[PDB]
Amino acid sequence: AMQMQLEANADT
Amino acid sequence: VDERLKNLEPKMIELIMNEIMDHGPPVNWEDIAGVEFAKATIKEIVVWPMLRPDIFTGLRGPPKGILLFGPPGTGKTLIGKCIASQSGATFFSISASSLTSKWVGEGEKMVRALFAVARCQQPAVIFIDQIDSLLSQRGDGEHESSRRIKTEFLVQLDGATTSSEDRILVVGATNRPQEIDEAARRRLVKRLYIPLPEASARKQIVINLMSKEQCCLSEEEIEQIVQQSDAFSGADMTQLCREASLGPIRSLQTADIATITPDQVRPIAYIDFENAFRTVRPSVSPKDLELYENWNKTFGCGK
Amino acid sequence: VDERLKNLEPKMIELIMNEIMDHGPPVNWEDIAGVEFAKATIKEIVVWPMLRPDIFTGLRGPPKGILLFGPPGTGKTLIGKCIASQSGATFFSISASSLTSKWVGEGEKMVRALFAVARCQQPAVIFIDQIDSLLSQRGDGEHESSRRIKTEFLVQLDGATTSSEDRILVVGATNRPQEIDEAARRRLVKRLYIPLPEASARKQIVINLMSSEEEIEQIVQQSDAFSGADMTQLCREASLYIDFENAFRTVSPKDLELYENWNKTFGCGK
Amino acid sequence: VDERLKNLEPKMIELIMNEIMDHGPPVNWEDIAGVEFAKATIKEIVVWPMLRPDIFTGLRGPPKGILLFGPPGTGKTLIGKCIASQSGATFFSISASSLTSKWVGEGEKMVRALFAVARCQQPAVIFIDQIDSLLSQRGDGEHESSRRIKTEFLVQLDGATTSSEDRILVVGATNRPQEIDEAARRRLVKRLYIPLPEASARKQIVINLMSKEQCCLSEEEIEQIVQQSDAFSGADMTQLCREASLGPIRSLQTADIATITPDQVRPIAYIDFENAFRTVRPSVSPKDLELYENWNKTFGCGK
Amino acid sequence: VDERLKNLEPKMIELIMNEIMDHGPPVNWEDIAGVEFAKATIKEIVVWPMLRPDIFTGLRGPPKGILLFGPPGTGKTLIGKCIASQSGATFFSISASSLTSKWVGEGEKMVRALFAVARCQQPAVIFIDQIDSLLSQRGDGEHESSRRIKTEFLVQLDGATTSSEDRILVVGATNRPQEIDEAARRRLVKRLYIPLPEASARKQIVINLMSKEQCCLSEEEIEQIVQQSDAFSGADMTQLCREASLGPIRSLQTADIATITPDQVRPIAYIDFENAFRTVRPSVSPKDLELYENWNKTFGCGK
Amino acid sequence: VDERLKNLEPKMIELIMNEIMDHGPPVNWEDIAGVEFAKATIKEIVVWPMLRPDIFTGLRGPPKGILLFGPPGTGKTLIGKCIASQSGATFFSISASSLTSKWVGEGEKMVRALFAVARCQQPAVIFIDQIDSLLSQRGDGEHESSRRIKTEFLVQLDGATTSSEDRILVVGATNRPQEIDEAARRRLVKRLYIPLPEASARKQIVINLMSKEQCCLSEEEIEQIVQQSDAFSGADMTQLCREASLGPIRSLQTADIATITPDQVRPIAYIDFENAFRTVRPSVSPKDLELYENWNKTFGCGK
Amino acid sequence: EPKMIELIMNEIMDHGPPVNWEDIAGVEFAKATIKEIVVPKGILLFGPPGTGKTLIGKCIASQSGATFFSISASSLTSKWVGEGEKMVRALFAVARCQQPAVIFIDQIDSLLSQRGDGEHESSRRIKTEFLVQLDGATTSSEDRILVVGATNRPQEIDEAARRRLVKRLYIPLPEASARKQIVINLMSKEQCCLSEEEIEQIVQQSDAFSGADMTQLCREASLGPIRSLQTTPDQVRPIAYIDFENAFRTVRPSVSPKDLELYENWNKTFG
Ligand SMILES: Nc1ncnc2c1ncn2[C@@H]1O[C@H](COP(=O)(O)OP(=O)(O)OP(=O)(O)O)[C@@H](O)[C@H]1O
Ligand SMILES: Nc1ncnc2c1ncn2[C@@H]1O[C@H](COP(=O)(O)OP(=O)(O)OP(=O)(O)O)[C@@H](O)[C@H]1O
Ligand SMILES: Nc1ncnc2c1ncn2[C@@H]1O[C@H](COP(=O)(O)OP(=O)(O)OP(=O)(O)O)[C@@H](O)[C@H]1O
Ligand SMILES: Nc1ncnc2c1ncn2[C@@H]1O[C@H](COP(=O)(O)OP(=O)(O)OP(=O)(O)O)[C@@H](O)[C@H]1O
Ligand SMILES: Nc1ncnc2c1ncn2[C@@H]1O[C@H](COP(=O)(O)OP(=O)(O)OP(=O)(O)O)[C@@H](O)[C@H]1O
Ligand SMILES: Nc1ncnc2c1ncn2[C@@H]1O[C@H](COP(=O)(O)OP(=O)(O)O)[C@@H](O)[C@H]1O
Ligand SMILES: [Mg+2]
Ligand SMILES: [Mg+2]
Ligand SMILES: [Mg+2]
Ligand SMILES: [Mg+2]
Ligand SMILES: [Mg+2]
Ligand SMILES: [Mg+2]
């Protein structure tokens, strides 16, 4: 029982 | 309403709106056999404000909270379904899967989005089938997500943003009221007990179920059937009727059932009722009931 | 039909579909043998709606739930396999470990996806071995995930959203029936006892699997309180009349008493 | 001022500004009944600095951080609302939903933006309801997000950057003070205990709430009502009054309610209260109270 | 020479430069009463190298790290502020919010830019408050961002490119030293335990706080105050002094508030402290101290 | 040869080029006091092919990939420095921050550019500190950037384009070898474990570090000092020597520092070490070592 | 678009040392299938690290006598929006133009993997472009083409892309006969003298050894003689069993038995 986060990525 | 939904992400709003329940087949109040005090209380809660908003405004407003508790099979979900149609307000069917998520902080945002969407559509009714799962007693050393969800529920129900003269109703059902959090238990002011059906309730259930299926039963037969069936819940009575209805089919000649027609089937008589009784037994032991009684004596609002 | 699958995670649907098993070798009721009342009840429940659906629809429809309680190695999985092969319906097999996951909230999503996918095809059978593990008595203190999974299962089986005509049958085989929660017990209306094979059943099984009358009768009489797995192993090693006696010369009944009491209280038998 | 907000992003500032509680109905100190010591302390904290900034500055500068604890439904959020109304300062209503986020490095930034925005508007009041969700005892194995949020909150409440003056008041309310972090407990210097209302508090509550109902009771009836209603929380008295006001409606015939005008309503009488007592019981068990008292002795600032 | 900042992006350089603390209120070692060994070692670390760099250069050079641990409110941040004021060198106040970033790869680049910038303003002091959030034990299933940040911090503190002879000092404060990574723990060579104030420390704090506010207190009264105030921390002593400062305000009548009469207020007396003792309680439970002692005996450097 | 760098943009090449570590202070193998086997292995790997390439080519060519694991502060970075100094080849000091970018699809580009530039200058040595950050076990759920970087590393180290005769060496140092991905483990054929120094290593370290400072130490005193320093790491001995070197300064009276001549300082005696031992403790807990041995016997390359 | 096509054209495999089928030895069935099909659009090769998949790729590049493309994640990923799909289209067009064409993908999981939360739009677009281009090229069958690749974690390959790769092959650890063949092939080049019993004992000692581990052991054995000498080639002592005994001191298996069951079950199911 554990949660996780996310990292954004830039694609211009 | 863009004003109060701008903050919320559109995806969460769509997920919440997906919880709207279709009306489905109508379920009238008379279909609910047995409980009367709870039925009258629910009527006063829901029907009365709709008809005369002017009279009940102010200090006579609806409580905005209900908690149905009783042993399995007594008909809590049936009452919820009946309210879903008779009330006429927007109905939300919320379960554990709807709110819980594996991403950090999404549970509280889902709760807030649910409450905001409910506030947009007024009047609205929110029904939680198993409230004990989400509103269990808070204890030390528990996952932070559950604590956040419980606190968010408490704040949304009785937070600073909450205002009077708002038509939102929350209804919850559970078989284990003793595990409900006290702080959350405070909001659910009206706590209704649904015990096992009485003799009159069983008679009414049997009569209603057998009315559709043509049969010839004398009054003494019904009385002795009621006497024999004791400590029987509504589900037990329904199963007994279902088993009895198949007696004529069982007595039909083997290999002819495939080619048989409904016209050739004989009516239902008392002969199959005893056979059904032989194959049906109560599903709720007497041991547990005492606990419920004590709770109904302590926190129950019944008379 | 994809409309009702709008809100489900596609990978969850893929996993649920992968959980389905392709049809195995054909099996028949006579092959397993050893049960008569159970065979009659199960066939009445399953076959009759298919052959003449028009008459059986309504108050006399299927009950949507079956439980099988008994000692280990008593042919429980055989009944489920026979139902899957003969019923001609999509068969779903679920174990205790399938629903469990490390991340929080995955069990409820798995249960919801399983039920929705099974609902996609109206005729289907969901067989859940070791039902007493995932569905167990809800104590005062326990893991949150287990409580969520149990409540989600109960809601899926019975709830406001659920509507008639589901035509989904849940079959659960257990060995510890007294650990089943009462709320879950209510759903499984038809509860059947699978006991050890009788003399005639044991004789039939041994004669069929092995492939004079006095020798067969003596062998049947000698073997007492032996489960199907024991017979299978004994015959397999024997094949590797004197040899049969040598193999014979090569479970406990004290606990079984409780089963009888349970079968007396909540069993569907007479 | 862009000088102090140049580090933050516009989205953070907009989200924080959305949390400002717009002025609502006015709630005065007379509405809150029974809590004399807490009311006096809050007055000394908030009102006195406004009147005379010069005398109360320096060593007499008002402390930052207040904690409220007690059994559920005893008037904590009511005190928060009263402070918001009478503080004459920008009011921020924060909750776990606003701060927590699913992206890495967001909770700390949200806390910093909140504190900076509150710093721009002075004086300011930050009210965190159900603080135990956010500030709990730190433990091994917890997700890094919670630890980072807690440490950022601590670094904002104190630290090298923090300086004197800069009027900012943080108020928290909770039902489980024993789980508050050791470090966070230091910041909340003033910790207050709000117990169940006493006889005088119950009398004041009933009189004030029933004055608007336009009824008539004799002094002996009020005394008996106060005496019978024992161990009732703040919300219990309100629920009793609400359910007592429906007595006249119940007495009236069901058919006439649709046609009856508001004028033809019997005034509330003691019989309604007697009926209400039969269906209303305390929602807080006396079992859980004892622990609070012990905490009040160990850490409470009361006399 | 700009070659130091050639690789780093200008925006990160600006963000780092924004972290330099201004010339806050002066603070000297005299104000920090209590611990004496810690002050002596800090002086040896910071003051001596600048007085005669030739003598202390080489093997006698100061270490590159310091750690401070103890219960809450024991003057760790006060020691950091005093070091910043007296060290006469650029002082960076870093925190978790200053380094974490949602975008992938910026977390370690922020640390690299910080160390590069601090390398140009030599001598420089980098102070990290609540360091346990940034350099906790490396878990088995932690997010990649945390692992990369910890690895970058370890590399910057000790690495091949350092080549020694860099006047960069890193200071950390925490309440949970047992959670610090061993690889990072070895970097902080000098670990200092700061216990609660002793009798002399409490007396000095009281004298310092009462010197500014004129009062007439005899030696016996001060001795009694010191005797009664047991287990109090520095924050507790400051809170007690602030509470006692309000005695004259409460003594006068309410109407005086409108007139104020600043000269009318009587000097603080011993009765004020007597009353203040009732409303002030120690904020640190003894049960938490044990662990610290063990750690101080296992990894501490205090004789 | 621009042909091998045809498809590399100049900006990528500049970042790789500027990371080359310039020749710092010299470091010799005898300067490293510790395990002889690792030193001999590294010498055979690096020095011997350079001296006699003709005989140590083809099959006998040096391998590509070395890993150094052990508890903190065991001289791994010192070995890296010595390799850089004595190899006489281009030395690249790579870290996590170097090869990570926020833009999509640039980490793999950075790795390709690094390997191409290294191939351009041969012989070359690539040193990665804390390799567990870049090459770690590929978890079930992770961002695409990390997986792409790991796969690019694996391809570059071993791939169809890769061929023998490339004088490029990759050296990694880590404290948590069990977390290295097995695919990455295969490339690093030579695994070297560097445990805590023994009595002989401690004696050598003390002699080397103390010979640079004038003093007189008796043989029995040196033996006793070595005996006392039990479980100390390589950095612990240096810290102990530094602490001892400060004793003479403390011996002199206050205010003498400003004007004391360098000559008028007492040399270091045994009492200095006796005092130092009080304030110096081992920085590595023994319980942490249990893992390393278990791994060393399972995948170690040492007899 | 000359510059864009230049990058694709510059990824063709260059001349290198020859590689022959007999060298692989261990995996006979996969070699048979590959040689039957080379002279089934998609072939996937999976197994524990160091099983010679890249060696198979190099052998195919050297023997097939056709254009060989070495494409990885770095080459097919660009920061500019929309250029990844265009570059994939250019790669497929160039492969079709020069026929026959062989495209080798090392670490396929990087390019395409099971769909997961938080995936960027660019990766999904590139994956869809790859799938559609492969289907379009394969359906017509007018132009010869072959696409193969390697990956150590086949369970992460998405089903949608998995169905395109009809051929799936598993390469287990080398067998005793394979180990002996590798030993003789690698050691026969250098002057050596050993008995058959010695080689049998070496094979028995080397258990659960991958090809890379065996190569490292052989290199250590060949290096041992230099260790023997104190501080011309004629001075080298012939390699004997003592060298192998010394090498076994510092050589250990690099592949744990933990995940072998996973590979075995996956191969049985879909292999
Ligand atoms: N009072 C009742 N009158 C008529 N039918 C009833 C009654 N109570 C239960 N039933 C029958 O029970 C079945 C549905 O029960 P329902 O789902 O409402 O039970 P429940 O109390 O909500 O159960 P659970 O505790 O498992 O959530 C239907 O057959 C309904 O006819
Ligand atoms: N001391 C009080 N005086 C007057 N009314 C009160 C008092 N306490 C509670 N009430 C009434 O109870 C209603 C709800 O109580 P309130 O929201 O203040 O409880 P609480 O202590 O914040 O509860 P919780 O612990 O659930 O957050 C208030 O609107 C007010 O009507
Ligand atoms: N040794 C001391 N001498 C005098 N005053 C002190 C001392 N220690 C603490 N104080 C007082 O306590 C106030 C707050 O303490 P401070 O902020 O330094 O605590 P801290 O060690 O940083 O706390 P934390 O462990 O909670 O991060 C200081 O402003 C000062 O007034
Ligand atoms: N074996 C050794 N011989 C001589 N000096 C040593 C040795 N080990 C450590 N030292 C001394 O300790 C100092 C710090 O050690 P160093 O930075 O090389 O450790 P490390 O192995 O790189 O550590 P980490 O595990 O933290 O990455 C070195 O500069 C050197 O002064
Ligand atoms: N079956 C084999 N026959 C001969 N050599 C082999 C074999 N398997 C591996 N090798 C040796 O392994 C090295 C090449 O391994 P290769 O790169 O093909 O492995 P891999 O499974 O693709 O590795 P990874 O997953 O680590 O990238 C060469 O030394 C080759 O000699
Ligand atoms: N009543 C039976 N008749 C024939 N075979 C049986 C019977 N019971 C068990 N078996 C044999 O035992 C094996 C395993 O039995 P299983 O289905 O696992 O029993 P259970 O479900 O009680 O664990 C099957 O392969 C089956 O052939
Ligand atoms: Mg229900
Ligand atoms: Mg089985
Ligand atoms: Mg509240
Ligand atoms: Mg501090
Ligand atoms: Mg190092
Ligand atoms: Mg490979």
# chains A, B, ... in the order shown; residues from 1 in each chain; ligands from 1

$ residues_around --residues "residue 60 (chain G)" --least-positions-apart "3" --cutoff "12 Å" --atoms "only C-alpha atoms" --output "ChimeraX atom specification"
/F:160 /G:13,18-21,24,31,34-35,37-39,53-57,63-69,101-104,146-149

$ write_last_selection --atoms "C-alpha atoms" --output "CSV table (one decimal), in the first residue's frame"
chain,number,residue,atom,x,y,z
F,160,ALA,CA,26.9,-4.2,-32.6
G,13,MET,CA,26.5,-0.9,-40.3
G,18,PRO,CA,34.0,-11.4,-39.8
G,19,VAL,CA,31.6,-13.6,-37.8
G,20,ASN,CA,30.5,-17.1,-38.6
G,21,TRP,CA,27.7,-19.3,-37.6
G,24,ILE,CA,27.7,-19.5,-31.7
G,31,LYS,CA,20.2,-20.5,-35.8
G,34,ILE,CA,17.1,-17.6,-38.6
G,35,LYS,CA,19.1,-19.2,-41.5
G,37,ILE,CA,14.0,-17.4,-42.9
G,38,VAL,CA,16.8,-15.0,-43.8
G,39,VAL,CA,17.6,-16.7,-47.2
G,53,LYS,CA,21.8,-12.1,-29.0
G,54,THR,CA,24.0,-9.3,-30.1
G,55,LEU,CA,26.5,-11.9,-31.4
G,56,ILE,CA,23.6,-13.3,-33.5
G,57,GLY,CA,22.9,-9.8,-34.8
G,63,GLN,CA,26.7,-13.1,-43.4
G,64,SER,CA,23.5,-11.9,-44.9
G,65,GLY,CA,25.3,-9.6,-47.3
G,66,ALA,CA,22.6,-7.0,-47.1
G,67,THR,CA,22.2,-3.5,-45.7
G,68,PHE,CA,22.2,-3.6,-41.9
G,69,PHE,CA,20.6,-0.9,-39.7
G,101,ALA,CA,16.9,-4.5,-45.9
G,102,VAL,CA,17.5,-5.8,-42.4
G,103,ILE,CA,16.7,-3.6,-39.4
G,104,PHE,CA,18.1,-4.6,-36.0
G,146,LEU,CA,13.4,-8.2,-42.2
G,147,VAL,CA,13.1,-6.6,-38.8
G,148,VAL,CA,14.7,-8.3,-35.7
G,149,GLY,CA,15.6,-7.1,-32.2

$ residues_around --residues "residue 97 (chain F)" --least-positions-apart "2" --cutoff "6 Å" --atoms "only C-alpha atoms" --output "list in words"
residues 108 and 109 of chain E; 95, 99 and 100 of chain F

$ residues_around --residues "residue 57 (chain B)" --least-positions-apart "2" --cutoff "12 Å" --atoms "only C-alpha atoms" --output "PDB file with C-alpha atoms, in the first residue's frame"
ATOM      1  CA  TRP B  48     -41.892  17.245   2.913  1.00  0.00           C
ATOM      2  CA  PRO B  49     -39.261  19.879   1.960  1.00  0.00           C
ATOM      3  CA  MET B  50     -40.036  19.455  -1.746  1.00  0.00           C
ATOM      4  CA  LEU B  51     -43.757  20.190  -1.424  1.00  0.00           C
ATOM      5  CA  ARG B  52     -43.585  23.214   0.922  1.00  0.00           C
ATOM      6  CA  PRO B  53     -40.136  24.845   0.797  1.00  0.00           C
ATOM      7  CA  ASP B  54     -41.473  27.969   2.522  1.00  0.00           C
ATOM      8  CA  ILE B  55     -42.727  26.140   5.618  1.00  0.00           C
ATOM      9  CA  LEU B  59     -34.722  25.916  11.549  1.00  0.00           C
ATOM     10  CA  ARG B  60     -36.956  23.173  10.078  1.00  0.00           C
ATOM     11  CA  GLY B  61     -34.510  22.257   7.307  1.00  0.00           C
ATOM     12  CA  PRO B  62     -33.591  18.673   6.495  1.00  0.00           C
ATOM     13  CA  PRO B  63     -30.902  17.100   8.699  1.00  0.00           C
ATOM     14  CA  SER B 164     -27.182  26.454   5.435  1.00  0.00           C
ATOM     15  CA  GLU B 165     -30.163  26.215   3.080  1.00  0.00           C
ATOM     16  CA  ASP B 166     -28.244  23.824   0.811  1.00  0.00           C
ATOM     17  CA  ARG B 167     -30.015  20.761  -0.610  1.00  0.00           C
TER      18      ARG B 167
ATOM     19  CA  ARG D 242     -34.477  21.460  15.409  1.00  0.00           C
ATOM     20  CA  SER D 245     -39.758  22.568  16.214  1.00  0.00           C
ATOM     21  CA  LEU D 246     -41.426  19.882  14.061  1.00  0.00           C
ATOM     22  CA  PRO D 262     -47.831  29.505   7.918  1.00  0.00           C
TER      23      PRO D 262
END

$ atom_distance --atom1 "CA of residue 136 (chain E)" --atom2 "CA of residue 181 (chain E)"
5.5 Å

$ residues_around --residues "residue 12 (chain A)" --least-positions-apart "5" --cutoff "7 Å" --atoms "only C-alpha atoms" --output "ChimeraX atom specification"
/G:79-81

$ write_last_selection --atoms "N, CA, C and O atoms" --output "JSON list (two decimals), in the first residue's frame"
[["chain", "number", "residue", "atom", "x", "y", "z"],
["G", 79, "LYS", "N", 13.61, 16.18, -29.84],
["G", 79, "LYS", "CA", 12.84, 17.06, -28.97],
["G", 79, "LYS", "C", 11.76, 17.81, -29.74],
["G", 79, "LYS", "O", 10.68, 18.08, -29.20],
["G", 80, "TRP", "N", 12.02, 18.16, -31.00],
["G", 80, "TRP", "CA", 11.04, 18.91, -31.78],
["G", 80, "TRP", "C", 9.78, 18.08, -31.98],
["G", 80, "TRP", "O", 9.83, 16.87, -32.22],
["G", 81, "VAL", "N", 8.63, 18.76, -31.88],
["G", 81, "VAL", "CA", 7.35, 18.07, -31.95],
["G", 81, "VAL", "C", 7.09, 17.61, -33.38],
["G", 81, "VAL", "O", 7.23, 18.38, -34.33]]

$ residues_near_ligand --ligand "ligand 2" --cutoff "9 Å" --atoms "only C-alpha atoms and all ligand atoms" --output "JSON list (two decimals) with C-alpha atoms, in the first residue's frame"
[["chain", "number", "residue", "atom", "x", "y", "z"],
["B", 154, "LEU", "CA", -15.39, 15.55, 7.54],
["B", 155, "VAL", "CA", -14.44, 19.01, 6.27],
["B", 157, "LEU", "CA", -19.67, 17.68, 5.35],
["B", 158, "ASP", "CA", -19.16, 20.18, 8.20],
["B", 159, "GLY", "CA", -16.46, 22.58, 7.04],
["B", 160, "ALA", "CA", -16.30, 26.36, 7.02],
["B", 182, "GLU", "CA", -17.21, 9.25, 16.01],
["B", 183, "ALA", "CA", -16.45, 12.55, 14.27],
["B", 184, "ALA", "CA", -18.04, 11.27, 11.06],
["B", 186, "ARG", "CA", -21.72, 13.11, 14.39],
["B", 187, "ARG", "CA", -22.73, 14.29, 10.91],
["D", 31, "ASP", "CA", -23.21, 33.45, 19.72],
["D", 32, "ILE", "CA", -20.44, 31.25, 21.13],
["D", 33, "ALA", "CA", -21.44, 30.21, 24.65],
["D", 34, "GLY", "CA", -19.53, 28.64, 27.52],
["D", 35, "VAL", "CA", -15.87, 29.07, 26.52],
["D", 69, "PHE", "CA", -8.79, 20.37, 20.72],
["D", 70, "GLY", "CA", -11.80, 18.65, 22.22],
["D", 71, "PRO", "CA", -14.59, 16.17, 21.54],
["D", 72, "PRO", "CA", -16.33, 16.45, 18.15],
["D", 73, "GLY", "CA", -19.04, 19.05, 17.77],
["D", 74, "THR", "CA", -18.11, 21.34, 20.68],
["D", 75, "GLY", "CA", -17.62, 24.59, 18.73],
["D", 76, "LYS", "CA", -14.15, 24.69, 17.17],
["D", 77, "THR", "CA", -15.09, 25.61, 13.60],
["D", 78, "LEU", "CA", -17.61, 28.03, 15.10],
["D", 79, "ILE", "CA", -14.75, 29.78, 16.92],
["D", 80, "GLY", "CA", -12.79, 29.82, 13.67],
["D", 81, "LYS", "CA", -15.69, 31.46, 11.84],
["D", 129, "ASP", "CA", -9.14, 22.45, 9.88],
["D", 130, "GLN", "CA", -8.38, 18.86, 10.90],
["D", 173, "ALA", "CA", -8.41, 22.56, 15.17],
["D", 174, "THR", "CA", -8.30, 18.82, 15.75],
["D", 175, "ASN", "CA", -9.86, 15.94, 17.66],
["D", 194, "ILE", "CA", -12.97, 23.08, 24.46],
["D", 195, "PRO", "CA", -15.10, 20.77, 26.65],
["D", 196, "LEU", "CA", -18.75, 19.82, 26.44],
["D", 197, "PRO", "CA", -21.04, 22.76, 27.34],
["D", 201, "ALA", "CA", -23.73, 27.06, 28.22],
["D", 202, "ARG", "CA", -26.70, 24.80, 27.48],
["D", 204, "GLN", "CA", -27.61, 30.16, 26.78],
["D", 205, "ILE", "CA", -27.60, 28.01, 23.64],
["D", 206, "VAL", "CA", -31.22, 26.92, 24.01],
["D", 208, "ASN", "CA", -30.60, 32.06, 21.96],
["D", 209, "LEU", "CA", -31.60, 29.41, 19.41],
["D", 233, "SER", "CA", -22.49, 18.32, 22.93],
["D", 234, "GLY", "CA", -22.92, 21.65, 21.16],
["D", 235, "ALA", "CA", -24.51, 20.04, 18.10],
["D", 236, "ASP", "CA", -26.78, 17.85, 20.24],
["D", 237, "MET", "CA", -28.61, 20.89, 21.62],
["D", 238, "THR", "CA", -29.05, 22.29, 18.11],
["D", 239, "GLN", "CA", -30.42, 18.96, 16.88]]

$ decode --residues "region 273-285 of chain F" --atoms "N, CA and C atoms" --output "mmCIF file, in the first residue's frame"
data_model
loop_
_atom_site.group_PDB
_atom_site.id
_atom_site.type_symbol
_atom_site.label_atom_id
_atom_site.label_comp_id
_atom_site.auth_asym_id
_atom_site.auth_seq_id
_atom_site.Cartn_x
_atom_site.Cartn_y
_atom_site.Cartn_z
ATOM 1 N N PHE F 273 47.064 12.581 20.812
ATOM 2 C CA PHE F 273 46.227 11.490 20.323
ATOM 3 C C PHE F 273 45.306 10.969 21.419
ATOM 4 N N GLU F 274 45.798 10.915 22.658
ATOM 5 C CA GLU F 274 44.956 10.459 23.759
ATOM 6 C C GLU F 274 43.742 11.365 23.926
ATOM 7 N N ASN F 275 43.948 12.680 23.851
ATOM 8 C CA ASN F 275 42.826 13.612 23.925
ATOM 9 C C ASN F 275 41.921 13.482 22.706
ATOM 10 N N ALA F 276 42.509 13.300 21.522
ATOM 11 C CA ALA F 276 41.713 13.220 20.303
ATOM 12 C C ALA F 276 40.787 12.011 20.323
ATOM 13 N N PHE F 277 41.271 10.878 20.836
ATOM 14 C CA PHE F 277 40.455 9.666 20.834
ATOM 15 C C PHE F 277 39.141 9.867 21.575
ATOM 16 N N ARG F 278 39.105 10.783 22.544
ATOM 17 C CA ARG F 278 37.872 11.017 23.288
ATOM 18 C C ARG F 278 36.776 11.579 22.389
ATOM 19 N N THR F 279 37.129 12.501 21.495
ATOM 20 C CA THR F 279 36.155 13.238 20.701
ATOM 21 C C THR F 279 36.011 12.706 19.279
ATOM 22 N N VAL F 280 36.571 11.538 18.978
ATOM 23 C CA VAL F 280 36.475 10.938 17.652
ATOM 24 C C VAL F 280 35.901 9.536 17.799
ATOM 25 N N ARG F 281 34.882 9.230 17.002
ATOM 26 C CA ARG F 281 34.207 7.943 17.023
ATOM 27 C C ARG F 281 34.105 7.402 15.606
ATOM 28 N N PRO F 282 34.008 6.083 15.443
ATOM 29 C CA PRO F 282 33.821 5.530 14.097
ATOM 30 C C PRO F 282 32.519 6.022 13.482
ATOM 31 N N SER F 283 32.558 6.281 12.177
ATOM 32 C CA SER F 283 31.413 6.816 11.453
ATOM 33 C C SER F 283 30.608 5.745 10.730
ATOM 34 N N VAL F 284 30.980 4.473 10.859
ATOM 35 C CA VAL F 284 30.287 3.373 10.200
ATOM 36 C C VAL F 284 29.859 2.370 11.262
ATOM 37 N N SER F 285 28.563 2.070 11.301
ATOM 38 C CA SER F 285 28.059 1.061 12.222
ATOM 39 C C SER F 285 28.408 -0.336 11.708
#
